[PDB]
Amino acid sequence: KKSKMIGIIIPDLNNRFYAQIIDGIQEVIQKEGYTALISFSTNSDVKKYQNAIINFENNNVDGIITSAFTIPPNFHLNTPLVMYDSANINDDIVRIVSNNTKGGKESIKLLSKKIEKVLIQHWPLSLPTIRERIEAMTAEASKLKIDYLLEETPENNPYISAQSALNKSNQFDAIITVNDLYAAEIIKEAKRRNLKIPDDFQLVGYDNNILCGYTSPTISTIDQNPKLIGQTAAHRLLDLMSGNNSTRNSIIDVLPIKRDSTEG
């Protein structure tokens, strides 16, 4: 019956965000005698996700924890499953949802009351979690009468994104970008151009990656609580494996952290 194995799918192993989610998962499941059977994805192909899930089932895992992907019409499995890094989707799958809406709202709230124009660089809005974040940003910006420009940026090139940001920086009072690595690249390019942050413009990133406290200026950001996302995914999975049929989503809080990139 039970294998005491939990299947886990992780998309980006080198991102400390996913590293911390896995750390949260293992902390909870290993205490209960489970061992993680982990599959690393090469890309976000839904078919590959389904295939990974099928292989987990062939190995008789007792439960599965996977990063989110759009549920296809033919989706099917007979193993308890929890989806993390998900948007607040009200379907039959238990999802661990970071409060992306609060994240976006708080990103705008980190800006000075004197900010009149902000450049918002973002990943494709086709990504549900990003759409939630950006829609909340434009809503709060509108509430505060802060003009903005949305700019979709590449998903794997912080350098190019930083050039685009600096090229138009004199048109903005602040810049909000996709994550802290992208913010770090913006800081590096600003220095190449002899521009100062926050003097010439305020800067806000996302994640609260360890990098934030080591740059100059330090980076203002939003902490996504990845460890808690992981721990919660594990607890919710254990509940499903214990006969709890609830499909309610767990909403994980996000925390705004003010550093020198906004405060000076």
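The numbering used is simple: start at 1 and walk along the sequence shown.
Colleague: In the PDB record, does 153-161 or 101-109 carry the higher mean Cα temperature factor?
Modeller: In the deposited entry, the stretch with the higher C-alpha B-factor mean is 153-161.
Colleague: Comparing average C-alpha B factors as deposited, tell me which of 189-197 and 92-100 sits higher.
Modeller: Per the PDB entry, the higher value belongs to 189-197.
Colleague: Given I251, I9, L13, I25, identify the residue with the highest C-alpha B factor in the PDB entry.
Modeller: Going by the entry's C-alpha B-factors, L13 comes out highest.
Colleague: When the CA B-factors of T232, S67, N59, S39 are compared as recorded in the entry, which is the largest?
Modeller: Max CA B-factor in the entry, restricted to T232, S67, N59, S39: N59.
Colleague: Consider only the C-alpha atoms of the modelled residues in this chain, order them by B-factor as the entry records it, and name the third containing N51: lowest, middle or highest.
Modeller: Top third by C-alpha B-factor.
Colleague: Splitting the chain's C-alpha B-factors into thirds, which one does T215 fall into?
Modeller: It falls in the middle third of the chain.
Colleague: What third of the chain does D239 rank in for C-alpha temperature factor, lowest, middle or highest?
Modeller: According to the entry, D239 has a C-alpha B-factor in the chain's middle third.
Colleague: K114: which third of its chain by C-alpha temperature factor?
Modeller: It belongs to the highest third of the chain when residues are ordered by C-alpha B-factor.
Colleague: Using the B-factors in the PDB entry, rank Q121's C-alpha atom against the chain and give the third, lowest, middle or highest.
Modeller: According to the entry, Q121 has a C-alpha B-factor in the chain's lowest third.
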